[PDB]
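The chain below stands alone and is given as structure tokens, in the form deposited in one PDB entry.
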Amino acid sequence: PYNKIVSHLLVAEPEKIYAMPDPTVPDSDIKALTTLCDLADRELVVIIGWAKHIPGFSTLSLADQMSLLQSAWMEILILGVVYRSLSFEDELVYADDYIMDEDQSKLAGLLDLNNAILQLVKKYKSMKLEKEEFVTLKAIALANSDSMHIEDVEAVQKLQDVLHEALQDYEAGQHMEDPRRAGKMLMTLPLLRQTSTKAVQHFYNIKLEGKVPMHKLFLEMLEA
């Protein structure tokens, strides 16, 4: 039987979300970016709800909740896309109704970025990443997000340790064939940070945030 943290993360895992592109609009770069914005906004709503079910998270200060989300939001988005794309070949499943191939990535101006995201997909395919590992890694990505402005270092570090421990216990219980599997999972996190870093700077480069700063969006969602 799974440890309570992993099983809790499984029940907290949000339902499928759809991109729902406008069928009346001819495919273009603008259409793709519009659709991705629409998708991401819907996702961010449930990601904030999800974070508040990560044990420890809701009892941190508003400031610390905000810092972790500010630093990790794109990693969580991308990691979901990666998990969704595992049974596919050279394709990114943003949603069940929105799957982007190489050509479509080029048109959207996302080729180099999604190439790196396909690297992640490739690496998780060979490790045969399970859903339990995925939700836990997502939580760890949030907690291990390296914000510069943490107020309660001990609480955040305890949260990291709690989630690391949960991973390690799951691997000890479910993958005795590989005593080093948990560490292999943690070693995938640098490429996640890398691509997320490049995504976030592309995000600001082309001004997809709009007229309202992310900080202001998160504060709205967190105190709703």
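Heads up, when I say rigid core I mean the largest set of C-alphas that superpose within 1.5 Å between the two forms. Shifts are known only where both forms have a C-alpha. We number the residues from 1 along the sequence you see.
Although not depicted, the form solved in complex with a partner chain is the subject of the following passage.
- Though its partner chain is absent from this view, in the deposited complex it lies within 4.5 Å of a heavy atom of just one residue from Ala155, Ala32, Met66, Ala40, which is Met66.
- Not one of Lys16, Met20 and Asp97 is positioned with any heavy atom within 4.5 Å of its partner chain in the deposited complex.
- Taking non-hydrogen atoms only, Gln70 approaches its partner chain to within 4.5 angstroms in the deposited complex.
- Taking the partner from elsewhere, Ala172 is found to have every heavy atom lying beyond 4.5 Å of its partner chain in the deposited complex.
- Although the partner is absent here, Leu36 is not a contact residue: none of its heavy atoms lies within 4.5 angstroms of its partner chain in the deposited complex.
- Taking the partner from the other structure, its partner chain in the deposited complex has no heavy atom within 4.5 Å of any heavy atom of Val6.
- When the rigid core is held fixed, the Cα atom of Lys207 travels less than 2 angstroms between this form and the one not shown.
- The distance between the CA atoms of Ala40 and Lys216 is at least 3 Å shorter in the deposited complex than in the form shown here.
- Note: the CA-CA distance for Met100 and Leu208 expands in the deposited complex relative to this form, by 3 angstroms or more.
- After superposition on the rigid core, only one stretch of three or more consecutive residues whose Cα atoms move by at least 2 Å between this form and the one not shown is found, at 208-224.
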